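Peer 1: There's a structure below that I have some questions on.
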Amino acid sequence: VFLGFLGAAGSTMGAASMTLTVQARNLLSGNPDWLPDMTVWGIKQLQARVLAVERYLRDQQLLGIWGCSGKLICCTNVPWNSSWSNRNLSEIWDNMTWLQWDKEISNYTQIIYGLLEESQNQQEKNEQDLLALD
Amino acid sequence: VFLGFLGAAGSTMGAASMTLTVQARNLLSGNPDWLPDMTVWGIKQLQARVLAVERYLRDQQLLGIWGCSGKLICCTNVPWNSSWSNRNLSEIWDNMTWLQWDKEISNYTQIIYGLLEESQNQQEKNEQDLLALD
Amino acid sequence: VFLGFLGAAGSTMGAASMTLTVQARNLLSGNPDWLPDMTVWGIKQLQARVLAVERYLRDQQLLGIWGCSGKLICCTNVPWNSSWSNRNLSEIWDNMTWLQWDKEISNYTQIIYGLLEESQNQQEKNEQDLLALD
Amino acid sequence: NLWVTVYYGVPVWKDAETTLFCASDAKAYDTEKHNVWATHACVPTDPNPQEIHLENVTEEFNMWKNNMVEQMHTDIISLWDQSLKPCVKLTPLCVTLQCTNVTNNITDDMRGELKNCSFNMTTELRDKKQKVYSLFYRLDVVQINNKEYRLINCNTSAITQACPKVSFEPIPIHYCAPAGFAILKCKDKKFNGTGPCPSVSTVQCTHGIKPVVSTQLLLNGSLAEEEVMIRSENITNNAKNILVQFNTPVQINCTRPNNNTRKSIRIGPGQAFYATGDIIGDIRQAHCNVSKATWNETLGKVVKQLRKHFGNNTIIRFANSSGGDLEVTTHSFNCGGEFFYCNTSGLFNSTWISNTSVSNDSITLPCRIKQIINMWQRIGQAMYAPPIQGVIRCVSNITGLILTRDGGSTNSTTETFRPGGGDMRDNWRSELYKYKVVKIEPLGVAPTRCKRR
Amino acid sequence: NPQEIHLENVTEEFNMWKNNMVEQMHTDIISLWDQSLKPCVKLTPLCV
Amino acid sequence: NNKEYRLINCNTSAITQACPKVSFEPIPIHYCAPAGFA
Amino acid sequence: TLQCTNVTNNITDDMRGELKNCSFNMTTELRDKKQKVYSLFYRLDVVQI
Ligand SMILES: *[C@@H]1O[C@H](CO)[C@@H](O[C@@H]2O[C@H](CO)[C@@H](O[C@@H]3O[C@H](CO[C@H]4O[C@H](CO)[C@@H](O)[C@H](O[C@H]5O[C@H](CO)[C@@H](O)[C@H](O)[C@@H]5O)[C@@H]4O)[C@@H](O)[C@H](O[C@H]4O[C@H](CO)[C@@H](O)[C@H](O)[C@@H]4O)[C@@H]3O)[C@H](O)[C@H]2NC(C)=O)[C@H](O)[C@H]1NC(C)=O
Ligand SMILES: *[C@@H]1O[C@H](CO)[C@@H](O[C@@H]2O[C@H](CO)[C@@H](O[C@@H]3O[C@H](CO[C@H]4O[C@H](CO)[C@@H](O)[C@H](O)[C@@H]4O)[C@@H](O)[C@H](O[C@H]4O[C@H](CO)[C@@H](O)[C@H](O)[C@@H]4O)[C@@H]3O)[C@H](O)[C@H]2NC(C)=O)[C@H](O)[C@H]1NC(C)=O
Ligand SMILES: *[C@@H]1O[C@H](CO)[C@@H](O[C@@H]2O[C@H](CO)[C@@H](O[C@@H]3O[C@H](CO)[C@@H](O)[C@H](O[C@H]4O[C@H](CO)[C@@H](O)[C@H](O)[C@@H]4O)[C@@H]3O)[C@H](O)[C@H]2NC(C)=O)[C@H](O)[C@H]1NC(C)=O
Ligand SMILES: *[C@@H]1O[C@H](CO)[C@@H](O[C@@H]2O[C@H](CO)[C@@H](O[C@@H]3O[C@H](CO)[C@@H](O)[C@H](O[C@H]4O[C@H](CO)[C@@H](O)[C@H](O)[C@@H]4O)[C@@H]3O)[C@H](O)[C@H]2NC(C)=O)[C@H](O)[C@H]1NC(C)=O
Ligand SMILES: *[C@@H]1O[C@H](CO)[C@@H](O[C@@H]2O[C@H](CO)[C@@H](O[C@@H]3O[C@H](CO)[C@@H](O)[C@H](O[C@H]4O[C@H](CO)[C@@H](O)[C@H](O)[C@@H]4O)[C@@H]3O)[C@H](O)[C@H]2NC(C)=O)[C@H](O)[C@H]1NC(C)=O
Ligand SMILES: *[C@@H]1O[C@H](CO)[C@@H](O[C@@H]2O[C@H](CO)[C@@H](O[C@@H]3O[C@H](CO)[C@@H](O)[C@H](O)[C@@H]3O)[C@H](O)[C@H]2NC(C)=O)[C@H](O)[C@H]1NC(C)=O
Ligand SMILES: *[C@@H]1O[C@H](CO)[C@@H](O[C@@H]2O[C@H](CO)[C@@H](O[C@@H]3O[C@H](CO)[C@@H](O)[C@H](O)[C@@H]3O)[C@H](O)[C@H]2NC(C)=O)[C@H](O)[C@H]1NC(C)=O
Ligand SMILES: *[C@@H]1O[C@H](CO)[C@@H](O[C@@H]2O[C@H](CO)[C@@H](O[C@@H]3O[C@H](CO)[C@@H](O)[C@H](O)[C@@H]3O)[C@H](O)[C@H]2NC(C)=O)[C@H](O)[C@H]1NC(C)=O
Ligand SMILES: *[C@@H]1O[C@H](CO)[C@@H](O[C@@H]2O[C@H](CO)[C@@H](O[C@@H]3O[C@H](CO)[C@@H](O)[C@H](O)[C@@H]3O)[C@H](O)[C@H]2NC(C)=O)[C@H](O)[C@H]1NC(C)=O
Ligand SMILES: *[C@@H]1O[C@H](CO)[C@@H](O[C@@H]2O[C@H](CO)[C@@H](O)[C@H](O)[C@H]2NC(C)=O)[C@H](O)[C@H]1NC(C)=O
Ligand SMILES: *[C@@H]1O[C@H](CO)[C@@H](O[C@@H]2O[C@H](CO)[C@@H](O)[C@H](O)[C@H]2NC(C)=O)[C@H](O)[C@H]1NC(C)=O
Ligand SMILES: *[C@@H]1O[C@H](CO)[C@@H](O[C@@H]2O[C@H](CO)[C@@H](O)[C@H](O)[C@H]2NC(C)=O)[C@H](O)[C@H]1NC(C)=O
Ligand SMILES: *[C@@H]1O[C@H](CO)[C@@H](O)[C@H](O)[C@H]1NC(C)=O
Ligand SMILES: *[C@@H]1O[C@H](CO)[C@@H](O)[C@H](O)[C@H]1NC(C)=O
Ligand SMILES: *[C@@H]1O[C@H](CO)[C@@H](O)[C@H](O)[C@H]1NC(C)=O
Ligand SMILES: *[C@@H]1O[C@H](CO)[C@@H](O)[C@H](O)[C@H]1NC(C)=O
Ligand SMILES: *[C@@H]1O[C@H](CO)[C@@H](O)[C@H](O)[C@H]1NC(C)=O
Ligand SMILES: *[C@@H]1O[C@H](CO)[C@@H](O)[C@H](O)[C@H]1NC(C)=O
Ligand SMILES: *[C@@H]1O[C@H](CO)[C@@H](O)[C@H](O)[C@H]1NC(C)=O
Ligand SMILES: *[C@@H]1O[C@H](CO)[C@@H](O)[C@H](O)[C@H]1NC(C)=O
């Protein structure tokens, strides 16, 4: 079910996974037209919509250095750790929200980005170069 | 044949398909250097070249939410509808321009974007997650 | 070995190839916060960080028109020319820096970009369209 | 068995503060007043306001730590200065003014204070100078010692005249969220201001807000939902103000009865100063009418909402203001161009029994008028209000109050709620209490079973 | 080198009287006058 | 009403002198299209 | 125009003393009247005409 923009903010992570392209399509282009030339009030909103794409491309950069690169669901080769969220499957995706998930991972989330940028493409790419000549 | 930028605007869609990378390379970087610090005349042209990448990334976002993501020719899994352009093959690609094509689709084009953003990656991704565990 | 940002500027190209994601992660987001509203000194630094993403997306465009598109190591189908760097393997990757490499290619580098944007995706894509119907 | 998987586009937000937009409201081209408040730069409103309710969502709001109020406060101030920047300056008006009381002091028990001032003003040319007259009005020096006068506006700051082409009629301005961010809108009828909102929706552009500069009485504001709200940053602490929102709008009618006229005397090569001409017709003081039955009912409805914090079956009082600044002690606002400074002492004489209080079709309020305002927090400038040619009458809804509690050991005795104000940010919290700005963080990680290569 | 590329087989409908390029150069020349005369010498005491 | 005179420029608007260092000789100015347009 | 005066202490004019007790008609708060003030001082100045 759609329910529009951010409609599944309190639903399950499996049901909210069914609304990924809706939250994405409305974050980048909230296009305001600035054809009128008004001096000092443009530099505040233009700085805002320039920092918007600076924050956007920072996520695309993190979504580029990882083996994941399609702007969709994507799988990696880094194993899940039992210390992170000591829970089984379907306890998460059918009784948890993305907010409460990010809250429990916020303690351990900072190292996961490093485990996705070094443990893979510093070695996966190196293995791809050392396994394609044959 | 090349014929430079926009050289195949009146040619066939098959011949113009042979000049995709030429129209792309000259739309993003028309780089003007703004090292001189002139007060009020920069905010108009800088707003122009900021809205340029805002319009550019809007297309990349639409070219990201779809199964298509390579900045090239790309195929999907949505079938063509006989109500859209009641014409056979080679009647299009050898006697039609991209302008006249966009004109006839302009009546039916708005739903095709929805058929490419929901009928696929809301389901293709979901099927990819439910068909990769084996 | 890491050695941080630009740590392998004088190392071998094979050892520096082990630090690609480090040089990439720190070039795009050097995020300065511009919440304070100061009139004339913002337009100089904001123009700088707008030309930063204009130069960034120009590389992504060149990294998009080529068969290479993953922001990683990537291989093509254009053969190496003996006129470019008359050297064997392991003479480069174990006794040369990326700076000295770009210096020797600077004489012949301008045509390589053309050989990667036309000799491939003007023909590789066309062959992909003419070899997928079966 | 299970591996980490990234998900791009998850509904995850973190509260932050960033620059917001502003809306044109779309009738701006048909206004053609050359410049309204923010018609200058704001962009038109979307055809359909994307108001999406988020089910199962409880979000913690806090209107008193909000950064949207600081933005609208800094937008209004920068709106004042940029509006008065290209207009006519009146620094040569700081001269000596030999003035005279108005010719009609009839029954000096009643008051009459307009000063038929004449002075040597500079002219079109620089060689000669001409003598003009008729600045008028109560705000003035007493002189140093026909009696001499000068401007005490000149005793503080420089003076510039407001452009006569622009207007002060508030255009509905609703702030808008930029790309990548969102605005969360509380929706339950009763809301403390501080606490979790169980019914939250999201929008980009907010609902239409009229920038109204008013003290002691909130005007043309948004009505509450079903019950009168008593909001405060800290109810126990006395110094913190008590914002009130009304359920039923209190009708108020203000009039400047003096059928007035203007004079365009020429000063300098391009400038032109507008002076208050001789009053045509009879004269009497400006006033504001509030129906006594509606105000009696509104007080009888607010007193019950106030007893919930201060005691069931107890008495509360509220007298008039204490004293101090004229903009603080008086219900100051604008209408048509003139700036009414009415005294609300005729409204706040009340003590309350647990069932009643301790005809007269209406309650009238005396009101003085002022044209030179030092309301600007930059004390380097002051604005001269141009005279309005004709009679002025404007109606309005009263939706709010700003009250201060008398401190001390008044527990066993009664409490007193004198009116107050001063800080402009309190005028905005009655409209931005239900709004919070959040930034979107769509990068999420979650374990599923899948394998690459 | 001015990149002047002719587009064969192309007929484009032009209208010089509804053009917005004229409005831009009109608003550029006026803003050019004011910014050029802004820091110069004022002669208001010459009105004698 | 040697006869007196004044400026009728002063009868309309303020006056400012043109900078003597700048010139009014027109430099060839051709407009240019930004990125993404033609 | 500033009618000035050497400082009152030139003691031993072999050593130098150069601060000018200047007084002048400055404009005031109002535009009608003008007041006379003093004490600009210091070596940087004209010699007059
Ligand atoms: C602030 O709070 C104060 C106090 O709460 C409010 O001020 C008060 O306002 C009222 C209304 O104006 C003032 O009331 C006075 O009313 C009398 C008229 O009533 C008297 O005389 C009647 C006949 O003339 C008589 O019938 C009345 O009742 C008697 O007789 C009946 C018969 O059955 C009997 O049953 C009763 O027991 C009585 O015996 C009653 O005696 C009126 O004359 C007053 O005005 C005149 O006099 C005053 C002072 O003398 C003078 O100031 C006026 O100018 C005028 O000359 C007056 O209207 C009451 O006096 C006010 N209180 C004070 C302290 O002044 C106030 O409204 C609130 N707001 C503000 C803005 O201040
Ligand atoms: C709170 O909200 C109320 C709305 O109820 C506001 O009250 C309105 O205030 C405005 C501005 O002062 C008033 O509009 C003015 O009306 C004057 C009288 O016009 C009469 O004739 C016209 C034409 O038929 C009628 O539409 C109108 O109702 C009257 O019968 C005008 O002279 C004023 O002119 C102004 O705008 C014109 C536009 O061209 C300019 O040329 C003028 O120079 C000038 O700027 C103006 O239109 C209005 O009458 C009030 N009443 C309403 C709508 O009920 C409050 O001001 C507002 N704020 C506060 C703090 O209370
Ligand atoms: C506020 O004060 C001002 C003064 O600063 C005052 O304006 C003056 O009003 C008087 C009213 O009598 C004007 O005096 C007359 O005005 C008429 C025009 O209406 C003239 O025609 C008169 O001159 C005739 O009579 C004179 C008598 O000797 C003759 O000498 C002359 O030749 C004419 O025949 C006379 O001037 C006065 O002119 C104005 N002042 C100005 C500058 O216009 C104003 O009325 C006061 N307002 C209030 C409400 O008190
Ligand atoms: C709240 O309400 C109270 C009353 O409950 C109110 O207090 C009153 O204020 C008025 C002024 O608004 C006072 O009246 C003055 O009293 C002084 C002496 O105390 C007189 O000198 C004053 O007259 C002078 O000015 C007149 C102007 O023309 C001259 O004609 C005259 O010759 C004098 O120079 C004036 O009468 C009044 O005394 C008080 N007190 C009471 C209880 O009435 C208070 O102002 C209200 N507001 C606030 C902010 O508290
Ligand atoms: C630089 O020059 C300035 C002048 O521009 C000078 O300032 C003046 O100093 C003198 C010092 O005597 C002041 O003169 C006296 O000042 C006292 C106050 O301290 C007054 O009380 C005096 O007046 C009384 O005596 C008079 C004598 O007749 C009486 O007439 C009068 O009624 C009083 O009883 C007298 O004015 C003088 O006032 C100042 N000038 C000003 C404008 O204040 C300054 O000192 C010089 N500095 C140096 C270092 O040379
Ligand atoms: C506006 O300007 C007029 C004229 O410029 C001012 O009139 C001036 O008034 C003063 C005060 O009375 C006069 O001073 C007196 O002069 C006489 C000699 O003329 C002298 O004996 C007295 O002791 C006193 O100093 C002054 O002369 C007079 N100017 C003229 C030209 O007559 C007027 O005061 C100014 N202000 C206003 C508010 O009108
Ligand atoms: C120059 O401006 C200042 C203000 O910036 C003037 O100060 C004024 O001083 C008077 C003194 O009486 C203040 O009056 C106040 O009255 C209330 C009662 O109404 C009393 O409780 C206070 O204690 C005080 O006496 C007045 O508010 C204050 N401000 C203004 C705007 O008048 C100063 O007088 C000005 N200079 C001259 C020469 O007038
Ligand atoms: C505002 O509301 C209050 C509360 O309803 C009104 O108070 C009421 O006032 C009337 C007349 O002033 C009172 O009636 C009189 O009461 C006296 C008490 O001694 C009695 O002797 C008279 O014969 C007469 O009955 C009434 O009791 C009082 N209370 C209530 C509950 O009605 C007040 O009048 C209102 N103000 C208005 C309408 O302007
Ligand atoms: C500051 O202002 C005062 C007064 O505005 C100036 O005083 C003026 O000084 C001059 C030069 O001595 C006086 O001129 C003389 O006037 C007499 C007649 O009064 C005449 O016979 C002489 O031939 C000479 O022209 C002038 O009258 C006097 N002004 C007044 C009102 O007395 C003063 O010079 C100004 N400058 C300074 C630095 O103080
Ligand atoms: C204007 O106000 C003044 C007072 O400021 C009034 O002047 C006094 O009026 C009384 C009448 O009872 C006379 O007895 C006094 O002699 C007047 N004072 C002076 C100085 O003359 C005056 O009545 C008021 N009205 C008018 C029309 O001037
Ligand atoms: C404020 O003014 C309005 C309009 O002038 C008043 O509304 C009128 O009230 C009278 C008396 O009840 C009615 O007969 C009219 O039909 C009303 N007109 C409208 C348009 O509603 C209002 O009563 C005034 N309020 C006060 C407190 O004076
Ligand atoms: C201030 O400087 C002046 C010179 O510019 C000194 O004036 C002279 O002092 C000598 C003392 O030897 C006298 O003989 C002269 O007559 C003075 N000149 C004049 C013109 O009078 C003066 O002494 C210095 N100091 C003071 C206190 O004024
Ligand atoms: C899990 O995390 C802990 C502490 O971060 C680490 O010691 C352990 O090796 C990790 N295990 C796996 C399987 O990643
Ligand atoms: C074609 O479009 C029509 C109307 O939009 C729709 O009813 C029909 O199902 C479509 N058919 C296919 C094959 O998409
Ligand atoms: C190498 O480059 C030369 C000159 O650029 C060219 O003539 C030759 O064909 C190239 N050979 C290959 C194999 O690319
Ligand atoms: C007249 O003006 C004087 C100015 O000193 C003022 O004090 C007095 O109250 C006024 N008289 C009136 C208005 O009756
Ligand atoms: C309000 O102020 C009182 C007195 O300082 C203090 O005891 C109380 O904790 C405060 N409450 C809040 C919410 O700030
Ligand atoms: C106190 O509470 C009771 C019951 O909740 C309520 O009926 C009463 O109205 C309250 N106090 C007053 C005097 O309003
Ligand atoms: C209010 O009225 C109720 C019901 O008549 C009564 O029980 C109560 O005592 C009254 N309270 C007061 C203060 O008169
Ligand atoms: C006052 O509120 C009433 C109730 O909806 C409304 O009809 C009226 O238009 C409002 N007036 C103003 C000025 O907002």
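Quick reminder, even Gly has a Cβ in these numbers, built from the backbone with ideal geometry, and neighbours come from all protein chains shown. Any read-out appearing in this document is the output of simple, stated calculations on the displayed coordinates, not a laboratory observation.
Peer 1: When the residues of the range D:107-121 are filtered to those that are surrounded by 11 or more Cβ atoms within 10 Å (Cβ to Cβ) and more than 16 Å from ligand 7 (Cβ to nearest atom), which remaining residue is farthest from the other protein chains (Cβ to nearest Cβ)?
Peer 2: By that ranking, first place goes to D:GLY112.
Peer 1: If only one of D:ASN56, D:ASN62, D:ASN67, D:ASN104 is surrounded by fewer than 17 Cβ atoms within 10 Å (Cβ to Cβ) and in contact with a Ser or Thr (Cβ under 6 Å, 6 or more places away or on another chain), which one is it?
Peer 2: After ruling out the rest, the residue left standing is D:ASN62.
Peer 1: May I pose another question? Would you point out the residue of the range D:327-363, among those that are exposed (fewer than 15 other Cβ atoms within 10 Å of the Cβ) and among the β-branched types (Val, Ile, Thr), that is farthest from D:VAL36 (Cα to Cα)?
Peer 2: Ranking the qualifying residues of the range D:327-363, first place goes to D:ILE353.
Peer 1: Do the conditions hold for D:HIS309, that is, is it away from ligand 10 (no atom under 16 Å from the Cβ) and closer than 18 Å to D:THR416 by Cα?
Peer 2: Criteria met by D:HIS309.
Peer 1: Given the residues D:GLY324, D:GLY337, D:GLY346, which is the only one that is more than 27 Å from D:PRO211 (Cβ to Cβ) and more than 16 Å from ligand 19 (Cβ to nearest atom)?
Peer 2: Only one candidate qualifies: D:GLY346.
Residues are listed down the side, and each one gets a yes or a no for (1) within 14 Å of chain A (Cβ to nearest Cβ); (2) among the hydroxyl-bearing types (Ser, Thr, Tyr):
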residue	(1), (2)
D:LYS128	no, no
D:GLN143	no, no
D:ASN146	no, no
D:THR156	no, yes
D:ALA179	yes, no
D:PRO198	yes, no
D:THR202	yes, yes
D:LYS210	no, no
D:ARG231	no, no
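Peer 1: Can I ask one more? Determine whether the range D:194-217 contains at least one residue that is in a loop (DSSP other than H, G, I, E, B), closer than 30 Å to A:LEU57 by Cβ and not basic (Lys, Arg).
Peer 2: Yes: one or more hits.
Peer 1: Against the conditions (1) crowded, with 17+ Cβ neighbours inside 10 Å; (2) closer than 22 Å to A:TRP34 by Cα; (3) among the charged types (D, E, K, R), where does B:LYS71 fall short? Just the number, please.
Peer 2: With (1) crowded, with 17+ Cβ neighbours inside 10 Å; (2) closer than 22 Å to A:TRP34 by Cα; (3) among the charged types (D, E, K, R) applied to B:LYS71, the lone miss is (2).
Peer 1: Also, I was wondering about something else. Please verify whether the range D:430-448 includes one or more residues that are surrounded by fewer than 16 Cβ atoms within 10 Å (Cβ to Cβ) and more than 16 Å from ligand 13 (Cβ to nearest atom).
Peer 2: No, that holds for no residue.
Peer 1: Another question about this same structure. Sort out which residues of the range B:93-116 are under 17 Å from E:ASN9 (Cα atoms) and of a type in the set (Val, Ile, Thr), and write them in order of number.
Peer 2: B:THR97
Peer 1: Right, here's the next one. Give me the strands (runs of 3 or more DSSP E) completely within the range D:88-143, filtered to those with at least 3 residues that are closer than 29 Å to F:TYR5 by Cβ and either polar (S, T, N, Q) or away from ligand 20 (no atom under 16 Å from the Cβ) (or both), ordered by residue number.
Peer 2: In the range D:88-143, the matching strands (runs of 3 or more DSSP E) lie at D:118-122, D:129-133.
Peer 1: Could I ask something else about it? Scan the range D:360-388 residue by residue and report those that are among the basic types (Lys, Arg), assigned to a strand (DSSP E or B) and under 21 Å from D:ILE76 (Cα atoms).
Peer 2: Within the range D:360-388, just D:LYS370 meets the criteria.
Peer 1: Another question, then. Based on what the data block shows, is D:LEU54 within 14 Å of chain A (Cβ to nearest Cβ), more than 16 Å from ligand 5 (Cβ to nearest atom) and not polar (S, T, N, Q)?
Peer 2: yes
Peer 1: Being of a type in the set (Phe, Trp, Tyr) and within 16 Å of ligand 20 (Cβ to nearest atom), is that true of even one residue in the range D:238-248?
Peer 2: Yes, there is a match, as at least one residue in the range D:238-248 is of a type in the set (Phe, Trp, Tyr) and within 16 Å of ligand 20 (Cβ to nearest atom).
Peer 1: Hey, another quick one. How many of the residues in the range A:66-113 are in contact with a helix residue (DSSP H, G or I) (Cβ under 7 Å, 6 or more places away or on another chain) and at positive phi?
Peer 2: Number of matching residues: 1.
Peer 1: Just the residues that are farther than 30 Å from C:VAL1 by Cα and among the hydrophobic types (A, V, I, L, M, F, W, C), please, taken from the range A:86-134.
Peer 2: Across the range A:86-134, the qualifying residues are A:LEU89, A:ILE92, A:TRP93, A:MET96, A:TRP98, A:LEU99, A:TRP101.
Peer 1: Count, please, the residues in the range F:7-34 that happen to be part of a loop (DSSP other than H, G, I, E, B) and either on the phi > 0 side of the Ramachandran plot or in contact with a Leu (Cβ under 6 Å, 6 or more places away or on another chain) (or both).
Peer 2: Residues in the range F:7-34 being part of a loop (DSSP other than H, G, I, E, B) and either on the phi > 0 side of the Ramachandran plot or in contact with a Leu (Cβ under 6 Å, 6 or more places away or on another chain) (or both): 2 in total.
Peer 1: Would you check which residues across the range A:114-134 are farther than 22 Å from C:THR76 by Cβ and exposed (fewer than 14 other Cβ atoms within 10 Å of the Cβ) and list them?
Peer 2: A:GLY114, A:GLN123
Peer 1: Oh, and also: Could you go through the range D:389-410 and let me know if any residue there is outside any strand (DSSP E or B) and hydrophobic (A, V, I, L, M, F, W, C).
Peer 2: Checked against the condition, which is being outside any strand (DSSP E or B) and hydrophobic (A, V, I, L, M, F, W, C), the range D:389-410 yields no hits at all.
Peer 1: Do we have D:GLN271 as closer than 30 Å to D:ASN411 by Cα, surrounded by 17 or more Cβ atoms within 10 Å (Cβ to Cβ) and of a type outside the set (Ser, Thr, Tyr) here?
Peer 2: no
Peer 1: Taking the options B:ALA15, B:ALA8, name whichever one is over 30 Å from D:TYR7 (Cβ atoms), surrounded by fewer than 17 Cβ atoms within 10 Å (Cβ to Cβ) and within 13 Å of chain E (Cβ to nearest Cβ).
Peer 2: B:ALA15
Peer 1: I would also like to ask the following. Just checking, how many residues over the range D:217-237 are within 13 Å of ligand 2 (Cβ to nearest atom) and closer than 22 Å to D:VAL328 by Cα?
Peer 2: Count: 5.
Peer 1: When the residues of the range D:218-238 are narrowed to those that are in a loop (DSSP other than H, G, I, E, B) and touching a helix residue (DSSP H, G or I) at 6+ places or on another chain (Cβ under 6 Å), which ends up nearest to ligand 3 (Cβ to nearest atom)?
Peer 2: The selected residue is D:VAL228.
Peer 1: To continue, here is another question. Under 8 Å by Cβ, and 6 or more places apart or on different chains, what pairs join a residue from the range B:27-50 that is more than 8 Å from chain F (Cβ to nearest Cβ) with one that is among the acidic types (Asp, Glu)?
Peer 2: So the pair list comes out as B:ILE43/A:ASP37; B:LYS44/A:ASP37.
Peer 1: So which residues in the range B:71-120 are within 22 Å of B:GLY10 (Cα to Cα), within 14 Å of the chain's Cα centre (by Cα) and either within 16 Å of ligand 17 (Cβ to nearest atom) or within 13 Å of another protein chain (Cβ to nearest Cβ) (or both)?
Peer 2: B:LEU72, B:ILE73, B:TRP98, B:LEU99
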